[PDB]
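What the coordinates show
One letter stands for each residue in the lines below.
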Amino acid sequence: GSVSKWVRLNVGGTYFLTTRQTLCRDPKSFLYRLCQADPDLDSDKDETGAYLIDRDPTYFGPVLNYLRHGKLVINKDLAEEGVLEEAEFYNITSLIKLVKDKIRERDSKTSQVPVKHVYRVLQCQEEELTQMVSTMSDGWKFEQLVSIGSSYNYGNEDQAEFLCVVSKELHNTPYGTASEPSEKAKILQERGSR
Amino acid sequence: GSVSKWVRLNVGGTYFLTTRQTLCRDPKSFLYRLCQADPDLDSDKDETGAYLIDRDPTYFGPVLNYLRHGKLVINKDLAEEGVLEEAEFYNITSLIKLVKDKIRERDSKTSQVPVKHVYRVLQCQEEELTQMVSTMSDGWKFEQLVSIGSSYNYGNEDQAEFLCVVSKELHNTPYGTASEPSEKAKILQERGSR
Amino acid sequence: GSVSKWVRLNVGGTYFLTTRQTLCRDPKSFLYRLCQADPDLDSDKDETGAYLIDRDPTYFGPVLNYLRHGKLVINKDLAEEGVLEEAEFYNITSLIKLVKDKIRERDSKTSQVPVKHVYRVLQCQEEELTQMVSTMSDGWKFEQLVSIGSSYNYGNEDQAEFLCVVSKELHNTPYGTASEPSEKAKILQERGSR
Amino acid sequence: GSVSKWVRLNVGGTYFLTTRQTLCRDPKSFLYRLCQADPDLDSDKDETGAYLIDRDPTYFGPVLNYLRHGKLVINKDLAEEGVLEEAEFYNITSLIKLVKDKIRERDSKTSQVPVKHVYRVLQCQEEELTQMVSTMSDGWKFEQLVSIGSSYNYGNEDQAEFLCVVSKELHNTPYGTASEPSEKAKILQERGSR
Amino acid sequence: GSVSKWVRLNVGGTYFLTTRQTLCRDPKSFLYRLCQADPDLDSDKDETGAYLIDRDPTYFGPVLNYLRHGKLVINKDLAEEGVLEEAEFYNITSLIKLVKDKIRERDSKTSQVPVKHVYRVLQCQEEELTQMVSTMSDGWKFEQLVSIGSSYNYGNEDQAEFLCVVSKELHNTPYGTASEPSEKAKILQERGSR
Amino acid sequence: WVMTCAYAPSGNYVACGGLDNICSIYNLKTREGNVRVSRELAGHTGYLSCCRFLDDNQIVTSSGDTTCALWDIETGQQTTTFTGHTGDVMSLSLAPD
Amino acid sequence: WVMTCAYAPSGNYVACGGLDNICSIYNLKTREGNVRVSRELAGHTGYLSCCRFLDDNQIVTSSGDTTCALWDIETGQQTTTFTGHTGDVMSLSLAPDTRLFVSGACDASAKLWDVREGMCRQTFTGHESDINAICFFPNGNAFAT
Amino acid sequence: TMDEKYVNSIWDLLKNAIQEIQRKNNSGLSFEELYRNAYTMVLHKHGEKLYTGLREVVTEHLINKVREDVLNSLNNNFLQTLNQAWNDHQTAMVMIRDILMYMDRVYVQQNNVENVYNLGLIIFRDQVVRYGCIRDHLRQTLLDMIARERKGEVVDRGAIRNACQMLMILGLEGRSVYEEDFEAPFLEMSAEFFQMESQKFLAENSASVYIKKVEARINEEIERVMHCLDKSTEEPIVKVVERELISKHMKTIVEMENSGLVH
Amino acid sequence: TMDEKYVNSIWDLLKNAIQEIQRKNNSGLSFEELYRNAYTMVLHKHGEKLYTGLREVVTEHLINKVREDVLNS
Amino acid sequence: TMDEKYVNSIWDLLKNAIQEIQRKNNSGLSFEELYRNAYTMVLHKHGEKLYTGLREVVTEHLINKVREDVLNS
């Protein structure tokens, strides 16, 4: 018994139970041919049931999660590259893009070594620094406050009295839409250079 | 035939025998509705009397862990987000709460990659300095100490002499990067802003 | 259930085939009931006949290894807190102490995750500064130096020369066993507070 | 038991019905020979005739997926070390080029065990920080920023007012020295020494 | 069957087919007990002809052992407790000390748990600064730079003008050794102490 | 290189358009007591040059590539697309109308 | 220990060569806004000594071990390998013609080559000591030494 | 952990473990057990002893079982023994390779020594083929069947095919082993056969009949060499044909006999 | 993220099933099936359209099935 | 570091499988082999020769077998 209304898949030798329609959420997937009752199968068995799917069941998880509820799952043990491979096996373009973004976010921190960390410098006095640090922005880490030597307006109680440099790591995908700037962007860049 | 004091449930490919009581964490949960037979359900595994529903057992893992044990601990290698997706499909507000708390804990644990990190500023005098660094609160990490000029009492030993700056990985928000606002809080924030 | 020298537990739907003798180590644990083939614990499965335990196999691992060969091995990819909870479920006090020691080692190693972290400030001038920086203890990490205004000359060779804030990643002990005050200690604390 | 296309695999003592191709992708693997029939097969038993394997593993999974798709597997808790240890052993021929990077990347991590950071001093006038701070180079991280006075006007609004100090890791493999047989480079180094 | 020269050890349930001879090496190993058929056994099954191995191969592998085919050794990510207990199972106090030293090496080269760090104060004036900052010793890491109050050249460029506090993380000794038997060294240490 | 910042009509959101192709929407006021990004708006073709809050859930964003399309803040998807210029739509005037 | 920094004619790139044996080309223009390294030219026989932007995507790299080979910046591959000196090629100068690069080496002989031909047009001799720096005439018809 | 004895259980002294499954007593060797601790193959240097012991155990299992069982057959069923020995060695060697791919990936090619699988092939070649009696057995056997097939009697080809295919594959990348063993004696007997055959066709046939018969037979022998031997041997026999049937009939061909050439 | 093609197709199917099961027909897909059918569109930010569709479907069905029956009775 | 061996093995498997499916084989033909081959040899920048070779095999199977069956009917 392979299908009556439900389908038992054999993903890489691992039996899984689902229904035709959960796979039919996206009717362009590779499992479409497998699940539907048709003699187009190039791998199946009716001696004990279940079509033969010779593919990763380990990386079938997040792909089936997207196939069921349109959401990618990024586990800590999950090779985002591997789930990208499985998604491209099961042709989910938006999942492909999202997993590519996940891969590049992970690489910009881990495999490409921590790079392009954003650093900013903020002028603050005491009355400003207290709540600025208190109201420190989301996803940003304090790095160093320094007290600038001052002679004008004493060396204290001056709007320009402290410099706080902060940072935010970019576990960020480099832009694939074009991380290379255009001509007018470079025009404005040279204008702002000096 | 298919229902008893215990019930066999086919989450994914595998079949778990669990009491009908344990499967429900709130009577709005879909699992409880699946515990008793409904005229709407058509596709099921009548081969062993176990209802067929289509979700990953890996994110059912922490869900059933909380349901059986009453406390939710999501593994450091598994997506707490997958647990949240499982809960939201199964419509368990309690699990929504715990996944929320676990995600806050993880954001504290992942407060190195961009997610809010609390930072605070304290005043101290030269004398008080040793005390308040020594008596600095557990769960907080000292980040910086800055000497300043003394506007009172010579150049040293001033009630405003050193600014300590500490931090906490856990974010100050009620949840993650976004919490449901309240209007009176904004009213008072505007009141104190001016 | 079925009678055998071993026993097959349905730990979270997962068959643990372990000998009955290794489960007789702690009658004070739920397992020693599950090993009874006589009607002291009767449990079966309508597919295999395995006994049923509604405890997770997630943290059952290290506890079962502690039962088998006398020593716990918490895998460093699973929450030691979950192992402590599993130890609590079987309420093995030695196992509780061992997992709490593991969590203490974690917190000492993860003092920057918000747990115990000790801090101090030394006072020295340059001459002794080099000495005690060089003779800094193993475990105590230098975190910041700072100068303090010197009434002698303008700088060096004044007793008030340099504060030296140093730190150490200290273990956080799970509560209920640590940080328990005493009456005469509080008397002396009140005496020294002023 | 070769009685049909599905054959018996012994893992955990359980017998799994796996198709030939889930065991067969190349002649180098061990699962291949169990799909080939010869009278020297001594893996036969007296229960059902299933073929016995040592496998009861913890790291065979993602690297079997690697065999099945040919992309090295790095997890957020199992980095290029995991490739370098398991993906080598499962005998994927394409890894030899890939693992080299995994080898260098691994070296690039282990080379920083004797911490090798390129340290740079950049003098800046105060008005000149935020630019070159905001335009910090990739892989270059800000580390320190120390004020300094000057002979004229106490230092502020002068080029000798701040010293930024930045550091960059090495992706280099571990070294003990760097040498090239060019004598004139040594001449130039000695000339620039004074 | 397991009553003949061949046996089927149920290691983690998995049937490992092995000669009694390869398992009968000496009684120091646990396995010698199981393969050798003797009265008073309760670790054996006569329903299938197998001697059970209660230890699943999940820390049967990292056991420090010799004289067959396998692998061992604590890695930089392998648990300390498992290797420690597996060494203690192989007796010798020298073995215990050496395995502890190996764990301290793998934890102290990065200085985590042994937490072994070295700190130095380099007295450099301004012009020299970028020199030893740029020409720092590899295997080290800069930590702080602090100016010094000066009485010559407007407080800038003194013979002592900056303390560069540098550090490095590594074991002074991977064994964690201390105390020297040379009394002349002690005499000299006391002489240089005052 | 952030070109534009526009203060929302409600005075509690702020918008940022820089050389990046993402429009930043910071919810300045929340019960959190500090600024956190309400919405990152991705999918801009050209670089943002000027932007103006048409609402607090949608905004006009004159990006590059002749695009000054209306953008839904919540969904992050442009709803009405404004094309027809040459080069980047660089200026953006909001009427009291 | 960097002894050569060359500014590109466009200014979008800068080249530096030290004892790393690697010619670093840094892109000064990014939509990210951060100065990221354009290209790492690895494969020189010795240490770089003097490099010049005859192109924004090509660069002449007078390096150690008697080489002043030309590199295509885009591919990171050698464009016009130059060999023939006895001492390492340490100085270099581009003519305003942008067609004659004369390289001062430790062979005490200024070899004026052809930029993209792989051939040394001539070998001006007369210095008994290594040529420190070469500056062309404002026409490329001559150069001091 | 890396140093000092931990003897009597697992790891080290694997000659016995290897030769257990080389006798096809298979349940798996230890692969699951060594999967996890593999960041110590090259960083703690157990690879030198492992490589040396692997070479030694392969050599010893070649001499102890493979060689003397190869030698017991002179030229009949010697083909079957060689094929079975090669099959068994390859079966053992392929599961051998999986255990030690990391050290073979780094240290072996760092030491400029041949690949572990290629090392096993080299050791089999040294221990079976390159030893004198077996080598002469192969040479004489291939020569005898090729000559007998050339003489007009039908013989089996699958055996000579698998033996020759060994000779190529055991020759590493080239046909060095085959060239040293059979290619040259094959060329010699082929030259002799072409010469005597052309002479007998000239003697027993007239001019046109000699031409037709010799062309048909050249085609037949080329067909046999594709059918009884491999592809790479066709060019040598082609040049032998050129030097034995045309280059030795350049100037004895102008007038032939009976129907001649001018006729 | 808004796109209306599959949302309207699945709402066609959902209203068809609504009419079937509100006609007391045992068919009408599985409860999990219809639940997911609605779920994909409600997560897709078009729940207002579904609200109106349910409103009008229930409206006309009740008017033409039971309102006139109550009038008849 | 070399690439040619598994590249030609990939071509072998791809062409054998394409021929089998074009000859409508109803057994075997692991998808894992197909996609492993495809990714592993497009990664090293042989996607162009995949494009050309797949075009070629499709073209030739169009010409040799099915076109004549079109003509002879």
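- What the entry reports as its method is cryo-EM, with 3.975 Å given for the resolution.

Here we look at the nonpolar core
- A:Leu31, D:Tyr66, D:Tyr90, H:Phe186 and H:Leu229 are the most contacted members of the largest nonpolar core, which totals 164 residues.
- When near neighbours in sequence (up to four residues on either side) are disregarded, A:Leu31 contacts A:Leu9, A:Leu23, A:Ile53, A:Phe60, A:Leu67 and A:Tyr90.
- In this structure, B:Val73, C:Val7, C:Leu9 and C:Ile92 belong to the second largest nonpolar core, which totals 32 residues.

Thoughts on empty space enclosed by the protein
- Using the criterion set out here, one finds 13 cavities of 30 Å³ or more in the structure.
- Its boundaries defined by the atoms lining it, the largest cavity holds a volume of some 120 Å³.
- Lining of the largest cavity is provided by D:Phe30, D:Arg55, D:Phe89, D:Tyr90, H:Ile21, H:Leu29, H:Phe31, H:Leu34, H:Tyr35, H:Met95, H:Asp98 and H:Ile99.
- Only α2 (31–34) and α4 (78–99) of chain H provide two or more residues apiece to the lining of the largest cavity.

A look at the pattern of salt bridges
- Under the defined criterion, the tally for this structure stands at 70 salt bridges over all chains.
- In this structure, the salt-bridge partner of A:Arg68 is B:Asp56, at a minimum N-O distance of 3.4 Å. With A:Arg68 in helix α3 (residues 60–69) and B:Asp56 in the loop between β3 (51–53) and α3 (57–69), the pair connects residues from two separate chains. The burial state of A:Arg68 is the same as that of B:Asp56; both residues are buried.
- A salt bridge links C:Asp26 to C:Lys28; the shortest N-O distance between them is 2.6 Å.
- What emerges from the salt-bridge pattern is a single network uniting A:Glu80, A:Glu81, A:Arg106, A:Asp107 and D:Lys76.

Concerning the interface of chain H and chain E
- Each partner contributes residues to the interface: chain H has 33 residues there, and chain E has 39 residues.
- With both chains or domains summed, chain H and chain E bury close to 3,600 Å², and 59% of this area falls on carbon and sulfur atoms.
- If you sort the residues of chain H by the area they bury against chain E, H:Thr1, H:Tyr6 and H:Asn8 come out on top, with a joint share of 22%.
- For the pair chain H and chain E, the number of links is zero salt bridges.
- Looking at the side of chain H that touches chain E, the elements that each hand over two or more residues are α1 (15–22) and α2 of chain H.
- Here the residues of the side of chain H that touches chain E are counted per class, giving 14 nonpolar, eleven polar and eight charged.

Reading the values: the criteria
- Residues numbered from 1 in each chain as written, not as in the entry; some residues may be left out.
- Chains lettered and ligands numbered in written order.
- Part of a larger assembly, values for the part shown.
- Heavy atoms only, no water.
- Core = buried A, V, L, I, M, F, W, Y, C linked by side-chain atoms within 4.5 Å.
- Buried < 20%, exposed > 50% of the residue type's maximum accessible area, 1.4 Å probe, protein only.
- Contact = heavy atoms within 4.5 Å.
- 1 Å grid on protein atoms, 1.4 Å probe; cavity = no way out; pocket = protein on both sides within 12 Å on 5 of 7 lines; lining within 4 Å.
- Points joined across faces, edges and corners; volume = space filled by probe spheres on them.
- Helix = DSSP H or I, 4+ residues; strand = E, 2+ residues; numbered from the N terminus.
- Salt bridge = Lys/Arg side-chain N within 4 Å of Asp/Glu carboxyl O.
- Buried area = accessible area lost by both parts, 1.4 Å probe.
- Nonpolar A, V, L, I, M, F, W, Y, C, P; charged D, E, K, R; others polar.

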